[PDB]
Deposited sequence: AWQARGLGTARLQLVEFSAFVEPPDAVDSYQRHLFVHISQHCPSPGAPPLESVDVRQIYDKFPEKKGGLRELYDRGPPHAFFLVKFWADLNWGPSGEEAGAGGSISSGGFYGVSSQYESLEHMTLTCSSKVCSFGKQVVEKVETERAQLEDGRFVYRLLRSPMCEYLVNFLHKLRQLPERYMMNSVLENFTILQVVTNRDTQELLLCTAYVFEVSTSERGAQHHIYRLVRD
């Protein structure tokens, strides 16, 4: 694996952003986190992140046991919290086979599920490949609220302390055959002021 994606499904873009209200006058947007995928990746042993994701039911541990392991990834984000209009999230996946996807996103706090978002995306055949777009989806209110509180902290190390207990688990399944296609675990730190968002993608091995 050389990127976030498998033989059956590749992540092309993900971004979490805000467009200030004056973007209508002159467009701009702030990216909190961003992955653009328009030598193999480093690996991380899954035991090292087991605590950040509750055992619970159908958690990282359970899903990873069912497999296949080449479908499991860890993304480390350095979020850019240096920026009040539209808060949005955009995702795009690609595949060679025609499928209907169910994308489940679970937000955890202190290894306890807080909110869950589930959506179904159908394929658009474009240039011999199938594309799945969910663009400009409104960011869930819990995380818009979280970002506002998070930016109020006076110290970067306090934001990292808070973000230590904050994880997202994203599961993409083939809706018709129910087989898992992709599972990404996301962990978070805050980027320093001058640096924008950054990420590091790893394969989850055990």
Map the modelled residues onto the deposited sequence and report the uncovered stretches in sequence order.
1-3, 42-47, 93-107, 231
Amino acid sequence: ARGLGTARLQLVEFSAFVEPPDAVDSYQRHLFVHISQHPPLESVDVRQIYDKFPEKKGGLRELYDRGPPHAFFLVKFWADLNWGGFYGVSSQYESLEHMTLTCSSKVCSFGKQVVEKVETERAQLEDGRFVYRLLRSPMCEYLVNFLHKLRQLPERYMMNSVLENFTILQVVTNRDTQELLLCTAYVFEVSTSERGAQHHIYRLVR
From here on, numbers count along this sequence of modelled residues.
State which stretch shows the higher mean Cα B factor in the entry: 126-134 or 71-79.
126-134
Tell me which of 1-9 and 197-205 has the higher mean C-alpha B-factor in the deposited entry.
1-9
For the C-alpha B-factor as written in the entry, point me to the maximum among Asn160, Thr177, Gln48, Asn165.
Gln48
Please pick out which of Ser91, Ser109, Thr102, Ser105 has the largest Cα B-factor as recorded in the entry.
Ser109
Sorting the chain's modelled residues by C-alpha B-factor and splitting them into thirds places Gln170 in the lowest
Going by what the PDB entry lists, where does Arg156 fall on CA B-factor within its chain: lowest, middle or highest third?
middle
Comparing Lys57 with the other modelled residues of its chain, is its CA B-factor in the lowest, middle or highest third?
highest
Rank-wise, by C-alpha B-factor, drop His30 into the lowest, middle or highest third of its chain.
lowest
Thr192 by Cα B-factor - lowest, middle or highest third of the modelled chain:
highest
